[PDB]
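Just one chain is shown here, as structure tokens, and it is the form deposited in one PDB entry.
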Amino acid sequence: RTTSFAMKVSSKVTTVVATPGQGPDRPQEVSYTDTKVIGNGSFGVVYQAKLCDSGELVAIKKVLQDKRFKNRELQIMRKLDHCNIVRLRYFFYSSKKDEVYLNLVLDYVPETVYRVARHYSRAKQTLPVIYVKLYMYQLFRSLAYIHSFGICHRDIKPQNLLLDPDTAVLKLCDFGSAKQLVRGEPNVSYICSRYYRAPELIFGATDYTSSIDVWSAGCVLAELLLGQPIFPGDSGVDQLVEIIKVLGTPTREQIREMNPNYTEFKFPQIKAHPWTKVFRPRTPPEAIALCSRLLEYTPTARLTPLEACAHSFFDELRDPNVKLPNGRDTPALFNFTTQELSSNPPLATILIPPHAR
């Protein structure tokens, strides 16, 4: 849910003095028009607009700046520059009364993983594995990038995964819950959206790590393969029941890794449900394999985002002769920087095929 505790009208042309996202504070006049509401979450209202100069479509996220909570959203986005993270072009502030709104001017991205998946669920079809591979691979790259800074998104879900269906590019967004997790400082338990919360979070752990994002991504992967969320339920208990009904009852050791405060409860022993019986019979084995290595009870047992990219499920993307169903060519997949590969540099042998040099 929530986080931790503590314009000139000149078409109808709006002109503001907004500060750019990258570099030092050097604000400039920005004019835009054709403003209309396009999306909303639980916190921010998102507008679309056209920049008067370039004519480029943008998205303007307008969030109320409450001083009762910790708003790292602007602070975090400004330090991020990755091809699988939505770019922050400019930001500015605007004003019932005595209220300050933060405005984030972002690149406009037309679709989300959620909306696309909803299409296939309505049509009683499954998203082609190529797109599953593509979307998930770009997601893990974004996670690898922000984790290298120690930043944890803490709200990985399909509604937060913007898509450009033409170019098949995924961009992570919504850093309203993100935080740089410091080993030693506690965090808020009730974080992340339902269906995608890590088991340790559900148990109320306050000493979790960035591996919660990996769990969420496993939930997304599973959802893409299934056509529905794998761990639904309104309450934490409901969701945990669903998890156990698939992964089997967590061992005392696994419980200790999540939250030591539950090690002495006698939980009924439920036999785990085989992953191959979970998904459709046409489901690729490596997808199933990847899921099981993401959806682990023990946080440290889960793959790292970089390791996940190196998984053999994404081997098709490393093929030099792979293309998009619409005919276009694959997006940027192998332009890894030293920062992205910081957690495990030798993975570059796998991540970067010889035909990408």
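Residue numbers run from 1 along the displayed sequence.
Enquirer: Can you say how many deposited residues have no coordinates in the span between residue 10 and residue 11, choosing none, 1 to 3, 4 to 9, or 10 or more?
Expert: Missing residues, residue 10 to residue 11: 4 to 9.
Enquirer: Should the segment between residue 95 and residue 96 be described as having none, 1 to 3, 4 to 9, or 10 or more unmodelled residues of the deposited sequence?
Expert: Per the record, 1 to 3 deposited residues are absent between residue 95 and residue 96.
Enquirer: Between 218-226 and 162-170, point out the one with the higher average CA B-factor as the PDB entry records it.
Expert: Comparing 218-226 with 162-170, the higher average CA B-factor belongs to 162-170.
Enquirer: When the Cα temperature factors in the entry are averaged, is it 38-46 or 61-69 that ends up higher?
Expert: Per the PDB record, 61-69.
Enquirer: Determine which member of 175, 262, 101, 135 has the highest CA B-factor, using the values in the deposited entry.
Expert: Across 175, 262, 101, 135, the entry lists the biggest C-alpha B-factor for 101.
Enquirer: Ordered by C-alpha B-factor within the chain, which third holds residue 124? Give me lowest, middle or highest, please.
Expert: Answer is middle: the recorded C-alpha B-factor places it there.
Enquirer: How does residue 238 rank on Cα B-factor within its chain, lowest, middle or highest third?
Expert: It belongs to the lowest third of the chain when residues are ordered by C-alpha B-factor.
Enquirer: Ranked by Cα temperature factor within the chain, is residue 213 in the lowest third, the middle third or the highest third?
Expert: It falls in the bottom third of the chain.
Enquirer: Test of reading the entry: by CA B factor among the chain's modelled residues, which third contains residue 155?
Expert: According to the entry, residue 155 has a C-alpha B-factor in the chain's lowest third.
Enquirer: Is residue 185 in the lowest, middle or highest third of its chain when residues are ranked by C-alpha B-factor?
Expert: Residue 185: CA B-factor falls in the highest third of its chain.
Beyond what is shown, the protein has a form solved in complex with a partner chain; the following relates to that form.
Enquirer: Contact between residue 43 and the partner chain in the deposited bound form at 4.5 Å, heavy atoms?
Expert: Result yes; residue 43 sits at the interface with the partner chain in the deposited bound form.
Enquirer: Taking the shortest heavy atom distance, is residue 190 within 4.5 Å of the partner chain in the deposited bound form?
Expert: Residue 190: yes, in contact with the partner chain in the deposited bound form.
Enquirer: Since only the chain is shown here, I'm wondering whether residue 26 would be in contact with the partner chain in the deposited bound form (any heavy atom pair within 4.5 Å).
Expert: Contact with the partner chain, no.
Enquirer: Would you classify residue 70 as touching the partner chain in the deposited bound form, given a 4.5 Å non-hydrogen atom cut-off?
Expert: Contact check for residue 70: yes, within 4.5 Å of the partner chain in the deposited bound form.
Enquirer: Out of the stretches listed (100-108, 209-217, 191-199, 86-94), which one is close to the partner chain in the deposited bound form, meaning heavy atoms within 4.5 Å?
Expert: Answer to the contact question: 191-199.
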